[PDB]
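Please read the structure below before turning to the comments.
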Ligand code: HEM
Ligand code: HEM
Ligand SMILES: N=C(NCCC[C@H](N)C(=O)O)N[N+](=O)[O-]
Ligand SMILES: N=C(NCCC[C@H](N)C(=O)O)N[N+](=O)[O-]
Ligand SMILES: [Zn+2]
């Protein structure tokens, strides 16, 4: 029933009762655990050519509406009762319904709060929500996106934000941002399969070129955006350079580091995930906050399938790359992460290190235990890619489950 | 696609399907509603003491499954010998309520148990285990002799060899053979007046139990604990391991000359001794096993965990780092040097050890071998990925499926 949750560093115990509120199934079963899998095999967000089962939708809507009125301490009030009737009325006559801006703001904050893989949830209550449901063209999407970036960047003093475009509708195409993030570096396939730039963005870089983009030939060329309005081909838009803040990477004491010519953008803005609230689905809702240093210094720059700069830094450090036992990889990774933190701090751009971030998450777990009786969390994504057990979250048991409102993965539009 | 879990490796972009999980005969802690994969001790396998003899119907099915596994491994499934063995087991259980394994069945079962352990990253060595049969043991004193022989053979003066010693299985309404200590070699943990602990905080309870049973405690930070061995229906007996048999390694650093002055050290032989080995329904409550250490076990967990020796701050201070702010990455830097020291020192003393890079690379080979041999490999991601430099190793980028296969090693309640 209710799982016992233990923290092995402190010996403390809690019981997660919130998990009983989950209504959506994960990938695990008593026979085998699939918790380490990145994407679902079925829990996707299948096509929307037909109207979602009124019965199903209506139960999800009532539940969300109930959540909303409880949040404003007006449960069972007159407004609550009437809002429910409104929702009932709209679904029965049209097969769908619409949220009020206040409910949308509450829903977006709750989705972030419920995101099991996010370690920055202590900030969940501070989110600027831009209502972009009044959008009817790719060109208008571009304007909203540019305004999101300017606001979020704030000259280095990053502010969390999300822009919500029109919801999905039966039998009609979705509004979609093809890019995986608003700002990404190009990846050009060259010679013998090798790649100049970010290997993770090969497919999108090619699609952009296919749609008329004049490619560059550098390692850090910011990609243009491919925005798509319902049932229309995606359109190409180049982001004004002055809008895209970047940070030149240098090291506090290693004079030669800057000579590597490395850099990274200041704004992390996932733009290909789906936001679900009360049964309604928002296929284009880019969100952003600020980077945790390991995302850049460890994963983006050191992953074998990414920039893979470990060996270069090791050679410049004149380390012994002859054997694993010298821990040259470990030493290089630490300096690279140090350079990232040093550079962002020098450029006066917001960023948080993995120690500070995990400490804040533990506080978040405590806050949620008192407030809701639990907190859905995915251990493999919460524990940092380097120095895992050196952080507090490593020693904390976690229960993972799906709560709604939620952010979910969805098929690539092409 | 295939009606089995699809598993992806994000570094290579390759895919595999796990069909071996279909063989699982025991449920884990997860459900479609929520994942409990991160729990260290979810009340599942937990071999809680089940005194009164087990349901002849349950044991029989488990026994039949194991016998089928054994005959399959030697390619004689369905043979006359196979059907005769099945008859023998069913008859023995019918008259006595339990049954016994043949020598070769025990050897096969013990290796399979290791092969099946989801939390072990050193499984590429599973086929080379030395299995010591101690099922004739009849006293606590004899358990000590068997244990000392295990330590001598396994240690082999620095060139470690994997081994396991199996004592008598649990019997109908009779006391179990039990080793009270968590490992054959462990450092004492002494509770101080101010509330702190000198030594290893993880062993405070066992240390106090040893004292309660007549052990005269020391006062060091690295005192090797004595063994509390228990024979059927008897109070446990205390035995001190001869120092010459317990090989230890003083820690020093390759370039930081002052590290040696810290007086740190660790023992060479990791030997978990409180787990239960289950084979075909039969339960071996005392069956210690050992191989060799992966460097992060010592350098990262044992030495740097907050609830263990917790030496991070001391080393950072020696390196003159800024321990006042997280962004200086003082914890990360100290940890790296501590791990290098462990590797350097074991190499210097010629004691077998494997770094986390070499170990994870070998585990990837094991996964590839097992994909072909059994169609999958149960693995606990959180335990397989190392505690430092996680994504710098290949296993981090490999998805994994976790499930319970038998034979298996399971946790069991403390005897006290
Ligand atoms: C304020 C600073 C924030 C920090 C430091 C932060 C940090 C992180 C980290 C480290 C991850 C995992 C990244 C990876 O391994 O790819 C993550 C994932 C995630 N975060 Fe946060 N986050 C923040 C703000 C936000 C905001 C504003 C939202 C949404 C409104 C959000 C939603 C999520 C979601 C949905 C994921 C999972 C993405 C995926 O599945 O790939 N985060 N976050
Ligand atoms: C040959 C070298 C070996 C290496 C390098 C190795 C390494 C490891 C590591 C790193 C762990 C996790 C440690 C922890 O986080 O507490 C582990 C766990 C485990 N290993 Fe291996 N192992 C080896 C040999 C063995 C042998 C010989 C057996 C048994 C025949 C074995 C059975 C297990 C089991 C059952 C666990 C889980 C224990 C628990 O749940 O606490 N290992 N091993
Ligand atoms: N910090 C955030 N990260 C989302 C994923 C970014 C990705 N790891 C990368 O580009 O490295 N989100 N946020 O703050 O909104
Ligand atoms: N390597 C092994 N590890 C098992 C657990 C040992 C524990 N982490 C510690 O003492 O640090 N076993 N083995 O080799 O048999
Ligand atoms: Zn699970």
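Every residue, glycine among them, receives a Cβ derived from its backbone with ideal geometry; neighbour counts consider all protein chains shown. Readers should treat all values here as calculations from the given coordinates under stated rules, not as data from a laboratory.
Data table
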{"read-out": "Test result for residue A:330, closer than 26 Å to residue B:295 by Cα and at the interface with chain B (Cβ under 9 Å from one of its Cβ atoms)", "value": "yes"}
{"read-out": "Which numbered condition residue B:340 misses (of (1) facing chain A (nearest Cβ under 7 Å); (2) touching a helix residue (DSSP H, G or I) at 6+ places or on another chain (Cβ under 6 Å); (3) closer than 22 Å to residue A:331 by Cα)", "value": "(2)"}
{"read-out": "Residues of region A:387-414 that turn out to be over 24 Å from residue B:299 (Cβ atoms) and more than 8 Å from chain B (Cβ to nearest Cβ), as a count", "value": "13"}
{"read-out": "Qualifying residue in region A:343-352 (condition: without any contact (Cβ under 8 Å) to a residue 24 or more places away in the chain, surrounded by fewer than 18 Cβ atoms within 10 Å (Cβ to Cβ) and out of contact with any strand residue (DSSP E or B) (no Cβ under 9 Å at 6 or more places or on another chain))", "value": "yes"}
{"read-out": "Qualifying residue in region B:310-326 (condition: within 14 Å of ligand 2 (Cβ to nearest atom), surrounded by fewer than 24 Cβ atoms within 10 Å (Cβ to Cβ), closer than 16 Å to residue B:202 by Cβ and within 27 Å of the chain's Cα centre (by Cα))", "value": "no"}
{"read-out": "Selection within region B:366-386 - within 30 Å of residue A:328 (Cβ to Cβ) and facing another protein chain (nearest Cβ under 9 Å)", "value": "B:379, B:380, B:381, B:382, B:385, B:386"}
{"read-out": "Entirely in region A:28-132, the helices (runs of 4 or more DSSP H) that have 3 or more residues that are away from ligand 5 (no atom under 16 Å from the Cβ) and loosely packed, with under 12 Cβ neighbours inside 10 Å", "value": "A:78-94"}
{"read-out": "Residue B:394 vs. criteria over 17 Å from residue B:125 (Cβ atoms), under 19 Å from the mean Cα position of the chain (by Cα) and either in contact (Cβ under 8 Å) with a residue 12 or more places away in the chain or surrounded by fewer than 24 Cβ atoms within 10 Å (Cβ to Cβ) (or both)", "value": "no"}
